[PDB]
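Results of the structural survey
Here is how the chains run, residue by residue.
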22 protein chains.
Amino acid sequence: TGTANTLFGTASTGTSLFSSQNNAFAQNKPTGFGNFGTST
Amino acid sequence: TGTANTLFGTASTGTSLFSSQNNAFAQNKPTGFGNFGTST
Amino acid sequence: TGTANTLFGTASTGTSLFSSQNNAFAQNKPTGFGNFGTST
Amino acid sequence: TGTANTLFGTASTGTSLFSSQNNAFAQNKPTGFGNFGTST
Amino acid sequence: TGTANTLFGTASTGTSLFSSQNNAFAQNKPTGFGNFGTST
Amino acid sequence: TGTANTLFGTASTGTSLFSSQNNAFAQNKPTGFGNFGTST
Amino acid sequence: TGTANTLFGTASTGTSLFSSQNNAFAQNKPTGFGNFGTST
Amino acid sequence: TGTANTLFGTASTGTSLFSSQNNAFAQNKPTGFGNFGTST
Amino acid sequence: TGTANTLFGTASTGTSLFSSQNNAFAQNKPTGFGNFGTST
Amino acid sequence: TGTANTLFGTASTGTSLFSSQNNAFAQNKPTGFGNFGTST
Amino acid sequence: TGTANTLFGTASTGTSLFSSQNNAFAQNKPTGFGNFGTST
Amino acid sequence: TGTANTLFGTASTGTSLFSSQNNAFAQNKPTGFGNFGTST
Amino acid sequence: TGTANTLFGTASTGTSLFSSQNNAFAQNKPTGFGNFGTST
Amino acid sequence: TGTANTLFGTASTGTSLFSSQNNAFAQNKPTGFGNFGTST
Amino acid sequence: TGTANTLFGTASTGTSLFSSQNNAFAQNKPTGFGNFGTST
Amino acid sequence: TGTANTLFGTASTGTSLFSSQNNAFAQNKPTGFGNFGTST
Amino acid sequence: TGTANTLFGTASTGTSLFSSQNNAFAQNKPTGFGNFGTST
Amino acid sequence: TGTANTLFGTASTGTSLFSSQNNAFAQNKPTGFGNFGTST
Amino acid sequence: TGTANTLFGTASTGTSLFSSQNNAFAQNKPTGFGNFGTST
Amino acid sequence: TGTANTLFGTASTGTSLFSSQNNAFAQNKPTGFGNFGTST
Amino acid sequence: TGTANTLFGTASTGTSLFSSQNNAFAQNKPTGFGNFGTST
Amino acid sequence: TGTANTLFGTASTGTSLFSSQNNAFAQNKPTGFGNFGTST
């Protein structure tokens, strides 16, 4: 109720859950994440 | 209820879940993610 | 209820789920993602 | 009720859950996360 | 009730849960997390 | 009631729960966490 | 009632729960945590 | 009622609970925790 | 009623509970904890 | 009523509870704890 | 009523409860505890 | 029931049911009256 | 019930049910009257 | 009930039910009248 | 009931039920009238 | 009941129920009238 | 009841119930009228 | 009841119930009328 | 009752109930009318 | 009752009940009318 | 009753009840009308 | 009653009840009308 981010990760190897949230009445350039070199 | 991002990742190897959320009344250039070099 | 992004990733190798969301009353150039070098 | 981020991680190996939340009436460039070198 | 971040970690090996929360009426560049070298 | 961060860690090996919370009427660059070298 | 951080740690090996909380009317650069070399 | 941090630690081996709390009307750079070399 | 930090530690081996609390009207750089070499 | 820190430690081996509390109208750099070499 | 720190220690082996409290109208660098070499 | 008034998000007033489950690697072996995994 | 008034998020007024479960590796073996995993 | 007035978050007024459970590796063996894992 | 007035967070006025449980490795063996894990 | 007035956090006025339990490795063996783990 | 007026935290006025329990390794063996672990 | 006026913390005016218990390794063996672990 | 006026901490005016118990390794064996561990 | 006026700590005016008990290794064996461990 | 005026600590004016007990290794064996350990 | 005026400590004006007891290894064996350990 709000931003509910769960993770379960059963019998896993290498699991992660990243979350960002930038709330404002005014916000100059809010990033969530930086640059990615390699993905997946 | 809101932004609900779950991950389950069963018997997995290398699982991730990235989320960004930039809410404002005014926001100059909100990125979510940077540049990707390689994907998948 | 809202933006619900789940991932399951069963017996997987290399799974990811990226999400961006830029809500505003006014937003100059909101990107979601940067440049991709290679995809898939 | 609010941002509820749980993790369960059953029989797992290498599980993590990162969360950021930048609330303001005004915020110049709030990041959530820095640059990623490799992902997943 | 507020930001409730629980973790359960049953029979696990290597589990973590990181959370940041930067509330203000005004905040110049609030990060949540620094740069990541490798993820997952 | 407020930010309630519990951890249960049953039969676990290597479990941790990090939490930061920077509340202010005004705060120049409040980080939550520093740079990460390796994650998960 | 306030920030209630409990930990249970049943039959565990290596469990920890870190919490920071920096409340102010004004605070220049309040960190919660320093740099992490390795995580999880 | 206030910040209530309990720990139970049943049949455990290596359990800890760290908490910091820096309240002020004004506080220049209040950290909670220093740098971490290895985590979990 | 105030900051109530209890620990129970039943049948345990190696249990600890650290707490800091720096209240002021003004406080230059109040840390709670120093640097950590290894955690968990 | 105030900061009530109890410990119970039943059938335990190696239990401790550390608490600091630095109240002031003004306090330059009040630490609670020094550097930790190894934790948990 | 005030800071009430009790310990019960039933059938225990190695139990301790450390408490510090530095109240002032003005106090330059009040520590509570020194450096820790190993913890838990 | 009452009205629901959102700009940027779900204004549900009806019987809104979300479910995410995983029944991965799960084996239902009933001789009689078995139901497994009913996510409505 | 009463009205719900959000700008940026779920204004639910109805019977809103969220569920996330995992039934991974779970084995239901009833002879009679077994239900397993009913996430509504 | 009464109205609910949010800018940036869930203004629930209805019967809002959140659940997260894991039934991983869990084995229900009833001869009669067994229900396991009912997350509404 | 009374109204609820938030800017940045859940203004619940209804019957808000949160639950997180884990039933991992848990084995329900009733001959009659067994329910296990009912998280509403 | 009375109104609830928050800027940055949950203004609950309704019947708000939070629960976190773990029923891990727990074995319910009733012959008759057994309920185990009812987290509402 | 009376109003509740917070800037940065939960202004609960309703019947707010928090619970955290662990029923780990716990075995309910009733012949008749057994309930175990009811965390509301 | 009377009003509650906080800046940085829980202004509860309602029936606020917190509970933390552990029922770990605990075995309820009633023949009749047994309830174990009721944390409201 | 009277009003409660805090800046940095819980201003409870209602029926605030905190409980922490442990029922670890505890065995309830009633033939009739047994309740064990009722932490409200 | 009278008002309560704190800057840095709990200004309770209501019926504030704290309890910590341990019922570890404790065995309730009533034939009739036994209650054990009622921590309100 | 009269007002309570603290800067740094609990200004209780209500019925404030603290209790800490341990019922460890304690065995209640009533045939009729036994209550053991009632910590309010 | 009269007012209570503290800077650094509990200004209780209400019915403040503290109790610490231990009922360890204690065995209540009433046939009728036994109460043991009532710490209010």
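Before any of the text, the structure's been laid out above.
Residues numbered from 1 in each chain as written, not as in the entry; some residues may be left out. Chains lettered and ligands numbered in written order. Heavy atoms only, no water.

So, on to the overall build of chain A. Within chain A one finds 0 helices and 3 strands. Mapped from its N terminus to its C terminus, chain A presents α and β elements in the order β-β-β. When the backbone C-alpha atoms are referred to their principal axes, chain A occupies close to 45 × 35 × 10 Å. Burial statistics for chain A: of 40 residues in total, 72% are counted as buried. Here chain A has roughly 670 Å² of accessible surface; of this, 54% comes from carbon and sulfur atoms. (Helix = DSSP H or I, 4+ residues; strand = E, 2+ residues; numbered from the N terminus. Buried < 20%, exposed > 50% of the residue type's maximum accessible area, 1.4 Å probe, protein only. Areas by Shrake-Rupley, 256 points an atom, 1.4 Å probe, with all protein chains shown as cover.)

Moving on, we come to the interface of chain L and chain M. Accessible area lost when the parts come together is the quantity often used to give the size of an interface. At the interface, 40 residues of chain L touch 40 residues of chain M. Between chain L and chain M the total buried area reaches about 2900 Å² when both faces are included, carbon and sulfur atoms providing 43% of it. At the boundary of chain L with chain M, the tally comes to 0 salt bridges. Across the contact surface, chain L and chain M share 43 residue pairs in polar contact. Elements with a contribution of two residues or more to the side of chain L that touches chain M: β1 (4-6), β2 (16-17), β3 (20-22), β4 (27-28) and β5 (34-36) of chain L. Here the residues of the side of chain L that touches chain M are counted per class, giving 12 nonpolar, 27 polar and 1 charged. The pairing of β2 of chain L with strand β2 (residues 16-17) of chain M spans 2 bridges and is classified as parallel. Within β2 of chain M, the position partnered with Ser-16 of chain L by the bridge is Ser-16 of chain M. (Contact = heavy atoms within 4.5 Å. Buried area = accessible area lost by both parts, 1.4 Å probe. Salt bridge = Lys/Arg side-chain N within 4 Å of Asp/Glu carboxyl O. Polar contact = N/O pair within 3.5 Å; in protein donor to acceptor, adjacent residues only side chain to side chain. Nonpolar A, V, L, I, M, F, W, Y, C, P; charged D, E, K, R; others polar. Pairing = 2+ DSSP bridges.)

Okay, the arrangement of the chains next. Without any contact between them, chain C and chain G keep their closest C-alpha atoms 18 Å apart. No interface is formed between chain E and chain K, the nearest pair of C-alpha atoms being 18 Å apart.

It is worth spelling out the sheet that holds strand β2 (residues 22-23) of chain K at this point. The parallel open sheet is built from 11 strands, whose spatial order is β2(C)-β2(B)-β2(A)-β2(D)-β2(E)-β2(F)-β2(G)-β2(H)-β2(I)-β2(J)-β2(K). Two strands close off the open sheet at either side, each with one partner strand: β2 (22-23) of chain C together with β2 of chain K. Relative to strand β2 (residues 22-23) of chain D, strand β2 (residues 22-23) of chain A runs parallel, the two sharing 2 bridges. Paired with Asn-23 of chain A across the bridge in β2 of chain D is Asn-23 of chain D.

Counting residues at the interface gives 40 residues for chain Q and 40 residues for chain R. Summed over both sides, the interface of chain Q with chain R buries roughly 2900 Å², with 43% coming from carbon and sulfur. Taken together, chain Q and chain R are joined by 0 salt bridges. Those elements that provide at least two residues to the side of chain Q that touches chain R are β1 (4-6), β2 (16-17), β3 (20-22), β4 (27-28) and β5 (34-36) of chain Q. Tallied by class, the residues present in the side of chain Q that touches chain R amount to 12 nonpolar, 27 polar and 1 charged.

A few words now on the sheet that holds strand β2 (residues 16-17) of chain N. If you walk across this open sheet you meet the 11 strands as β2(L)-β2(M)-β2(N)-β2(O)-β2(P)-β2(Q)-β2(R)-β2(S)-β2(T)-β2(U)-β2(V), and the pairing is parallel. With one partner strand each, in any of the chains shown, β2 of chain L together with β2 (16-17) of chain V form the two edges of the open sheet.

With that settled, the discussion passes to the packing of aromatic side chains. If you walk through the whole model with that rule in mind, you get 182 aromatic pairs over all chains. Relative to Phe-8 of chain U, the ring of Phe-8 of chain T has its centre 4.8 Å away and its plane inclined at 0 degrees; by these criteria the two rings are stacked. Placement of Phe-8 of chain T in the loop between β1 (4-6) and β2 (16-17) and of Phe-8 of chain U in the loop between β1 (4-6) and β2 (16-17) is noted, with the two residues assigned to different chains. (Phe/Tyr/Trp six-rings, centres within 6.5 Å; stacked < 30°, edge-to-face > 60°.)

Here the phi dihedral of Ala-11 of chain E falls at roughly 55 degrees; this positive angle occurs in a residue that is not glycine. The backbone of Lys-29 of chain F shows a phi angle near 20 degrees, a positive value even though the residue is not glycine. Mapped onto the fold, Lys-29 of chain F is located in the loop between β2 (22-23) and β3 (36-38).

Looking at the secondary structure, you find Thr-10 of chain M in the loop between β1 (4-6) and β2. By relative accessible area, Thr-10 of chain M is classed as buried at 1%. Polar side-chain contacts of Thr-10 of chain M include one of 2.8 Å to the backbone oxygen of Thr-1 of chain C. In this structure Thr-10 of chain M touches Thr-1 and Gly-2 of chain B, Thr-1 and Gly-2 of chain C, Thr-10 of chain L together with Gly-9, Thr-10, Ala-11 and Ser-12 of chain N, once residues within four positions along its chain are discounted.

With that settled, the discussion passes to the environment of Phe-25 of chain S. Here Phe-25 of chain S lies in the loop between β3 (20-22) and β4 (27-28). Discounting chain neighbours no more than four positions away, the residues touching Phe-25 of chain S are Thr-10 and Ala-11 of chain H, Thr-10 and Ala-11 of chain I, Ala-24, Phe-25 and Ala-26 of chain R together with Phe-25 of chain T.

You can see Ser-12 of chain B is positioned in the segment before β1 (15-19). For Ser-12 of chain B and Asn-35 of chain B, which are 23 residues apart along the polypeptide, the C-alpha to C-alpha distance reads 26 Å. Once residues within four sequence positions are removed from consideration, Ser-12 of chain B is found in contact with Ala-11, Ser-12 and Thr-13 of chain A together with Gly-9, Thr-10, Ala-11 and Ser-12 of chain C. Reaching out from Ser-12 of chain B, the side chain makes a polar contact with the backbone oxygen of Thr-10 of chain B at a distance of 3.2 Å.

Looking now at the side chain of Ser-12 of chain C. Under the relative-accessibility criterion, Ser-12 of chain C is labelled buried at 15%. Side-chain polar atoms of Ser-12 of chain C contact the backbone oxygen of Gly-9 of chain C, separated by 3.4 Å. Once residues within four sequence positions are removed from consideration, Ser-12 of chain C is found in contact with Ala-11, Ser-12 and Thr-13 of chain B.

Burial analysis of strand β1 (residues 15-19) of chain F places 5 of its 5 residues in the buried class, which makes it a mostly covered element. In β1 of chain F, alternate side chains face the same way, and those of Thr-15, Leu-17 and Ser-19 of chain F on one face and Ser-16 and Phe-18 of chain F on the other are all buried. Bridge count between strand β1 (residues 15-19) of chain E and β1 of chain F: 5 bridges; the pairing is parallel. The residue of β1 of chain F that forms the bridge with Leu-17 of chain E is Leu-17 of chain F.

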